[PDB]
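Q: Sharing a structure below in structure tokens format, with a few things to ask.
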Ligand SMILES: O=C(O)CCc1ccccc1
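In the entry's author numbering, the protein residues as written are 2 to 328.
Here it is as structure tokens:
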């Protein structure tokens, strides 16, 4: 008889909570034959700010959290291989690569203090602004919200003034004119009333401008102290197939979100793969600086980039098998 608490930073009817986390939690409960119940607390209901979620899991405030890796910068630098500009073409492929590389490089190193249940990226990160944006110079003198240190670097290099804040604060920040626009993928715009608060959006054909890494993470003591058969339940509903499903589900939610912006008459600029080269010219120096920072810490940054590309190429849609579990 086991009760676990799950804490996260978006509303219960948001896309990841409802179609990813509730499916995972329901899977663990069904698979445990009712021996595990998971209480789900949305919108930081148990207190704190979203950046604090990783430490809430480590300190046992919550048993399980979904959080943005980038909200605790300087801690988990290996994840940042997926946050390099124009790196990712397919969120399922990247989430597959992210799980393999997590297990190879990160599990017993930068993530040793926590049990990692899932690793994924969102759909293409893109702009949502009070004024139309077609080329990098349009961002000059705009305050743009970012959620990671690599996204703040990207924003600086295209001539934006980056404002770092957790994603739920965007709505108030836009409404009060603290920011002129934000980075996010499409899927989460709906829950944040972004199409209501701004009339312009800039998306990119081909590779994503950026995407942020997430984890689903669990207090080590809470996991280790389960009986071994209940440990095997958590593991059976977690890891590689789960990670591909989390990234795929979240990426797929871009579509219905974009359609809301279209149907209201918001302006959407679609940057062609040709016109993206002007953007790439300003942001691709991050590859060289990031590799140098990793090399300074004795990490082969370029080998991490090469292995990410190789794993994303090796992903095949037949690996996307995650669904509702047997008991
Ligand atoms: O950009 C951020 O600060 C976070 C990104 C994010 C996107 C989609 C769901 C939750 C968080």
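C-beta atoms are modelled at their ideal positions from N, C-alpha and C, and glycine is treated no differently.
Is residue 266 near ligand 1, with its Cβ less than 7 angstroms from a heavy atom?
A: No; taking the cut-off as 7 angstroms, the Cβ of residue 266 has no heavy atom of ligand 1 nearer than that.
Q: Measure the alpha-carbon distance for residue 16 versus residue 240 and round it to whole angstroms.
A: Going by the C-alpha atoms only, they are around 20 angstroms apart.
Q: Can residue 167 be considered in contact with ligand 1, in the sense that its beta carbon sits closer than 7 angstroms to one or more heavy atoms?
A: The answer is yes for residue 167.
Q: Anyone know if the C-beta pair for residue 96 and residue 244 falls short of 8 angstroms?
A: Against a cut-off of 8 angstroms, the Cβ pair of residue 244 and residue 96 comes out as a contact.
Q: Under 8 angstroms between the Cβ atoms of residue 68 and residue 215?
A: The answer is yes: Cβ separation under 8 angstroms.
Q: Residue 159: which of 172, 56, 145 sits nearest, CA to CA?
A: Among 172, 56, 145, the Cα nearest to that of residue 159 is on 145.
Q: Indicate, with yes or no, if ligand 1 has a heavy atom lying under 7 angstroms from the CB of residue 203.
A: False, no ligand heavy atom lies under 7 angstroms from that Cβ.
Q: Taking its Cβ as the centre, do 16 or more other Cβ atoms sit within 10 Å of residue 82, making it buried, or is it exposed?
A: The residue is buried, with at least 16 neighbouring Cβ atoms inside 10 Å.
Q: Figure out for me which residue from 8, 7, 12 has the closest Cα to the Cα of residue 192.
A: Checked all of 8, 7, 12; the closest Cα to residue 192 is 12.
Q: Assuming residue 137 and residue 111 make a contact with CB atoms under 8 angstroms, what is their CB distance in whole Å?
A: About 32 angstroms separates the two Cβ atoms, so there is no contact after all.
Q: What are the partner residues of residue 40, as DSSP defines its beta bridges?
A: Residue 40 pairs with 6.
Q: Got a sec, what are the start and stop residues for the alpha helix (DSSP H) residue 141 sits in?
A: Per DSSP, residue 141 belongs to no alpha helix (DSSP H) and is neither H nor E.
Q: Determine the direct distance from the alpha carbon of residue 327 to that of residue 142, and round the result to whole angstroms.
A: Their backbone Cα atoms lie some 54 angstroms apart in a straight line.
Q: What distance in whole Å lies between the Cβ atoms of residue 203 and residue 196, which are believed to be in contact at a cut-off of 8 angstroms?
A: Not a contact, Cβ separation roughly 14 angstroms.
Q: For the beta strand (DSSP E) holding residue 196, just list the boundary residues, first then last.
A: Element bounds for residue 196: not the beta strand (DSSP E) but the alpha helix (DSSP H), 195-198.
Q: Use the C-beta contact count for residue 135: other C-beta atoms within 10 angstroms, 16 or more gives buried, fewer gives exposed.
A: Exposed, by the Cβ-count rule.
Q: Let me check understanding here. Comparing Cα to Cα, which of 259, 64, 315, 283 lies closest to residue 98?
A: When each option's Cα is compared against that of residue 98, the closest is 315.
Q: Leaving out the 5 sequence neighbours to the left and right, which residues in its chain are closer than 6 angstroms to residue 325 when beta-carbon positions are compared?
A: So the list is empty, once near-sequence residues are dropped.
Q: Among 175, 268, 123, 303, whose alpha-carbon lies nearest the alpha-carbon of residue 290?
A: Closest by alpha carbon: 303.
Q: If you measure between the beta carbons of residue 167 and residue 156, is that distance less than 8 angstroms?
A: No.
Q: Quick one, which of 126, 198, 61 has its alpha-carbon nearest residue 206's?
A: Here the closest residue by C-alpha is 126.
Q: Looking at residue 69 and ligand 1, is the gap between the Cβ and the nearest heavy atom below 7 angstroms?
A: Yes, ligand 1 has a heavy atom inside 7 angstroms of this Cβ.
Q: Please determine whether the Cβ atom of residue 1 lies at a distance below 7 angstroms from any heavy atom of ligand 1.
A: Nothing about residue 1 can be read from this structure; the chain reaches only from 2 to 328.
Q: Assuming residue 163 is part of the beta strand (DSSP E), what are its boundary residues?
A: From DSSP, the beta strand (DSSP E) with residue 163 extends over 162-165.
Q: Cβ of residue 256 versus every heavy atom of ligand 1: is any distance shorter than 7 angstroms?
A: No, the Cβ of residue 256 stays beyond 7 angstroms of every heavy atom of ligand 1.
Q: Cβ-heavy atom distance between residue 8 and ligand 1 below 7 angstroms?
A: It does not: the Cβ of residue 8 is nowhere closer than 7 angstroms to a heavy atom of ligand 1.
Q: Report the residue ranges of all alpha helix (DSSP H) runs contained in full by the region 76-155; include only those spanning at least 4 residues, in chain order.
A: With a minimum length of 4 residues, the continuous alpha helix (DSSP H) runs that stay inside the region 76-155 are 92-102.
Q: For ligand 3, is there a heavy atom less than 7 angstroms away from the beta-carbon of residue 17?
A: For ligand 3, the structure offers nothing, since it holds only ligand 1.
Q: Identify, in the order they occur along the chain, each residue of the same chain with its Cβ nearer than 7 angstroms to the Cβ of residue 101, setting aside the five sequence neighbours on each side.
A: Correct list, in chain order: 312.
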